[PDB]
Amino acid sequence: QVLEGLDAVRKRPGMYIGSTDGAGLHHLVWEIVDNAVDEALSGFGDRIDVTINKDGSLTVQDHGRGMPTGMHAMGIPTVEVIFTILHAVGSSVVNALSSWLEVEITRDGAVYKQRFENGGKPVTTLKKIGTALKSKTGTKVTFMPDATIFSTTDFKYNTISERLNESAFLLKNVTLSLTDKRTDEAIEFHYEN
């Protein structure tokens, strides 16, 4: 396995997300949502909340275990390695094709955050920003797709709604929600079994 930096994704985005049109834009959403879904499939977290923010960014929040908060080699946070090294893998690809991205992790009574800008360059380390109840766990990822890469940066409520509905049906017993702050639209899906 040859590891690569995020420049490899930015120079050949179609290789990783298929295209740079609306289909490619939404593949970014699928990658972030699918990580939360995978956690829930393993029994960690029973709701996944997606928000299309007023500024055009998108947030996915889950209540899974929380991504690793520890260190890799050289005092580099494990989360930074996940978001900045291409193991060519979804997280790093989204970061590469975003003008900014924030990851917030809650676990063990602490809330941590790291911010990346301009195609995934870290502008902070993983820093403790606050506290929470010891029971509270989860990951929140917010990203702004890079307008210099995509021909459209407009997330489509109906497209995302449909995908989240399908994911809720396949998962069972997990609530998926979508809120659009541009229009105030909102919906929730949950299938009991």
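All residue numbers refer to positions in the sequence shown, first residue = 1.
Enquirer: Compare the other PDB entries of this protein and indicate whether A88 is left unmodelled in at least a third of them.
Expert: Across the compared entries, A88 is left out in at least a third.
Enquirer: Might you work out how many residues are unmodelled in the deposited sequence between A88 and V89, and answer none, 1 to 3, 4 to 9, or 10 or more?
Expert: Count of unmodelled residues in between: 10 or more.
Enquirer: Pick between 27-35 and 65-73: the one whose mean CA B-factor in the entry is higher.
Expert: Comparing averages over the C-alpha atoms only gives 65-73.
Enquirer: Highest mean C-alpha temperature factor of the two stretches 168-176 and 9-17, which is it?
Expert: Comparing 9-17 with 168-176, the higher mean C-alpha B-factor belongs to 9-17.
Enquirer: Where does the C-alpha B-factor of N95 rank in its chain, lowest, middle or highest third?
Expert: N95: CA B-factor falls in the lowest third of its chain.
Enquirer: Using the temperature factors of the C-alpha atoms in this entry, rank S151 within its chain: lowest, middle or highest third.
Expert: Tercile = highest for this residue's CA B-factor.
Enquirer: How does the C-alpha B factor of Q114 compare with the rest of the chain: lowest, middle or highest third?
Expert: It belongs to the lowest third of the chain when residues are ordered by C-alpha B-factor.
Enquirer: Ordered by C-alpha B-factor within the chain, which third holds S135? Give me lowest, middle or highest, please.
Expert: CA B-factor rank for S135: highest third.
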